[PDB]
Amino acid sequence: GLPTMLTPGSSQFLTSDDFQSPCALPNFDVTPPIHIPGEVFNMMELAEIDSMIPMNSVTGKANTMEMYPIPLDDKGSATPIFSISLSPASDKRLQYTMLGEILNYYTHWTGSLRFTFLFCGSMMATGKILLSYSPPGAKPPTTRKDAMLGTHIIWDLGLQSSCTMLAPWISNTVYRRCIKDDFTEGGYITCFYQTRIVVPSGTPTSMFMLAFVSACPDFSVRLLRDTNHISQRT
């Protein structure tokens, strides 16, 4: 025989190996392929689809359809409408979005996050809303005058129903970790009345908006891992 010498690794079963193996059903004639709609090539295609943030997952609303709609009214309070950390894998509200679920199969993420808001009041309701992203390392914003110093958009409610706020990729590291982590903290997303919601008479004075999250085309993930979102008894 050809003289050979076995190296370390010989006979091991590495579950991420990529070797050929003999076919148990040789010369099997596979069913011919046909075109099926909706072919997927990359999990990041799915990450670019909007899914609803369960933004109002408070006691009594968590694990109900009422976890999604963000309460709005015509009272013009100075208190924030919602506040959430840019922790898209680990945050209690972002982890169960479609993007959050995909991120929990990876260790590292990079790129820009898109937050799209749909106003679901009456046509007669008007308003201006400030949506802000504050990169980390300063006092988390709890007032409009701190929020407006960060990346922000002033949304005018009108015929165009929806407004997109970007959390642009602003990071020390080239990737953030898909866990709660001080070193790769992402910063703060907040929302304030810029004016207030105004309605005429015979109109609901309280209403909702829906918040969606998706990945931008600059977004990618690395280091495949098991998710903490599925388990079984043994």
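The first residue of the sequence shown is number 1, and the count goes up from there.
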Point to revise | CA B-factor placement of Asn228, once the chain's modelled residues are sorted into thirds | key: highest
Exercise for review: Consider only the C-alpha atoms of the modelled residues in this chain, order them by B-factor as the entry records it, and name the third containing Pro168: lowest, middle or highest.
Suggested key: lowest
**Study point:** Third of chain Cα B-factors occupied by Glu48
**Key:** lowest
**Study point:** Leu94 - Cα temperature factor, lowest/middle/highest third of chain
**Key:** middle
Exercise for review: Ordered by C-alpha B-factor within the chain, which third holds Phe208? Give me lowest, middle or highest, please.
Suggested key: middle
